[PDB]
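Just below is one structure, and these are the notes that go with it.
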Amino acid sequence: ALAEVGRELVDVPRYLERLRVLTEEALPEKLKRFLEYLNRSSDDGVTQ
Amino acid sequence: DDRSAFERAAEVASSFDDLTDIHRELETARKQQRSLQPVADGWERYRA
């Protein structure tokens, strides 16, 4: 996601903006995945 | 006779895969965030 960016001072704000964006948008992934996975159950093992 | 098991075992184990992958992705993203932050700190000190 940032490997293409260079190694200069002008590149630094690109890194900072990407870091902020991923910080903001990682939490939605956490929610939409783990909250849905909270519905999982292990009834099959017990039943069988 | 033989009316054994070891068939439903994989069926039960199949559930964990998506959760494991999602957890891996989330942890990798968070690790990248921790890596990114000190760059911002150093840039602040550099501007000072």
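Identifiers for the structure tokens are assigned positionally: chains receive A, B, ... in sequence, residues are indexed from 1 per chain, and ligands are indexed from 1 in the order shown.
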Proximity check chain A to chain B, 8 Å, nearest pairs one decimal Å, only C-alpha atoms, as CSV:
```
residue,atom,partner,partner_atom,distance
A:12,CA,B:43,CA,7.5
A:15,CA,B:36,CA,7.3
A:16,CA,B:40,CA,6.2
A:19,CA,B:33,CA,6.1
A:22,CA,B:33,CA,7.4
A:23,CA,B:33,CA,6.7
A:26,CA,B:29,CA,7.1
A:29,CA,B:26,CA,7.5
A:30,CA,B:26,CA,6.8
A:33,CA,B:22,CA,7.0
A:34,CA,B:19,CA,7.8
A:37,CA,B:19,CA,7.0
A:44,CA,B:12,CA,6.8
A:45,CA,B:12,CA,6.6
```
Same residues, N, CA and C atoms, saved as a PDB file, in the first residue's frame:
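Generated output (part_32.pdb):
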```
ATOM      1  N   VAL A  12       6.791  11.983   2.903  1.00  0.00           N
ATOM      2  CA  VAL A  12       6.362  11.792   4.290  1.00  0.00           C
ATOM      3  C   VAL A  12       4.882  12.104   4.492  1.00  0.00           C
ATOM      4  N   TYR A  15       2.811   9.197   3.540  1.00  0.00           N
ATOM      5  CA  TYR A  15       2.796   8.160   4.565  1.00  0.00           C
ATOM      6  C   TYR A  15       1.861   8.532   5.706  1.00  0.00           C
ATOM      7  N   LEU A  16       1.894   9.795   6.135  1.00  0.00           N
ATOM      8  CA  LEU A  16       1.048  10.215   7.248  1.00  0.00           C
ATOM      9  C   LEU A  16      -0.428  10.119   6.885  1.00  0.00           C
ATOM     10  N   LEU A  19      -1.426   6.488   6.766  1.00  0.00           N
ATOM     11  CA  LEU A  19      -1.535   5.978   8.128  1.00  0.00           C
ATOM     12  C   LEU A  19      -2.845   6.415   8.768  1.00  0.00           C
ATOM     13  N   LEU A  22      -5.791   4.453   7.064  1.00  0.00           N
ATOM     14  CA  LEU A  22      -5.895   3.068   7.506  1.00  0.00           C
ATOM     15  C   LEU A  22      -6.299   2.984   8.971  1.00  0.00           C
ATOM     16  N   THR A  23      -5.851   3.928   9.800  1.00  0.00           N
ATOM     17  CA  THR A  23      -6.291   3.959  11.190  1.00  0.00           C
ATOM     18  C   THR A  23      -7.796   4.169  11.276  1.00  0.00           C
ATOM     19  N   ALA A  26      -9.603   0.815   9.542  1.00  0.00           N
ATOM     20  CA  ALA A  26      -9.395  -0.530  10.066  1.00  0.00           C
ATOM     21  C   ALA A  26     -10.514  -0.928  11.016  1.00  0.00           C
ATOM     22  N   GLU A  29     -13.536  -2.596   9.512  1.00  0.00           N
ATOM     23  CA  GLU A  29     -13.283  -4.002   9.215  1.00  0.00           C
ATOM     24  C   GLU A  29     -13.452  -4.856  10.465  1.00  0.00           C
ATOM     25  N   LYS A  30     -12.850  -4.417  11.575  1.00  0.00           N
ATOM     26  CA  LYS A  30     -12.975  -5.135  12.838  1.00  0.00           C
ATOM     27  C   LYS A  30     -14.436  -5.354  13.192  1.00  0.00           C
ATOM     28  N   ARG A  33     -16.533  -7.610  10.627  1.00  0.00           N
ATOM     29  CA  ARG A  33     -16.148  -9.015  10.619  1.00  0.00           C
ATOM     30  C   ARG A  33     -16.405  -9.691  11.965  1.00  0.00           C
ATOM     31  N   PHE A  34     -15.815  -9.168  13.042  1.00  0.00           N
ATOM     32  CA  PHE A  34     -15.900  -9.858  14.323  1.00  0.00           C
ATOM     33  C   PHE A  34     -17.304  -9.813  14.915  1.00  0.00           C
ATOM     34  N   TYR A  37     -19.069 -12.495  13.247  1.00  0.00           N
ATOM     35  CA  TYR A  37     -18.558 -13.781  13.709  1.00  0.00           C
ATOM     36  C   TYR A  37     -18.977 -14.104  15.135  1.00  0.00           C
ATOM     37  N   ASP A  44     -22.707 -28.136  16.505  1.00  0.00           N
ATOM     38  CA  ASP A  44     -22.533 -29.321  15.670  1.00  0.00           C
ATOM     39  C   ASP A  44     -21.671 -30.365  16.366  1.00  0.00           C
ATOM     40  N   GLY A  45     -20.565 -29.932  16.972  1.00  0.00           N
ATOM     41  CA  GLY A  45     -19.684 -30.877  17.635  1.00  0.00           C
ATOM     42  C   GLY A  45     -20.380 -31.613  18.760  1.00  0.00           C
TER      43      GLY A  45
END
```
For the alpha helix (DSSP H) assignment from backbone DSSP, which residues of chain B qualify? Please present them as a PyMOL selection string. chain B and resi 8-13+16-47
Straight-line distance linking CA of residue 14 in chain B with CA of residue 48 in chain A, stated in Å to one decimal: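 These atoms are spaced 15.1 Å apart.
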Point-to-point distance in Å for CA of residue 31 in chain B and CA of residue 35 in chain A: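 If I compute the distance from CA of residue 35 in chain A to CA of residue 31 in chain B, I get 21.1 Å.
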What does the distance between CA of residue 41 in chain A and CA of residue 27 in chain A come to in Å, to one decimal place? 23.9 Å
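Minimum distance to residue 13 in chain A across B:44, B:28, B:1, B:10 (counting only C-alpha atoms) occurs at B:44.
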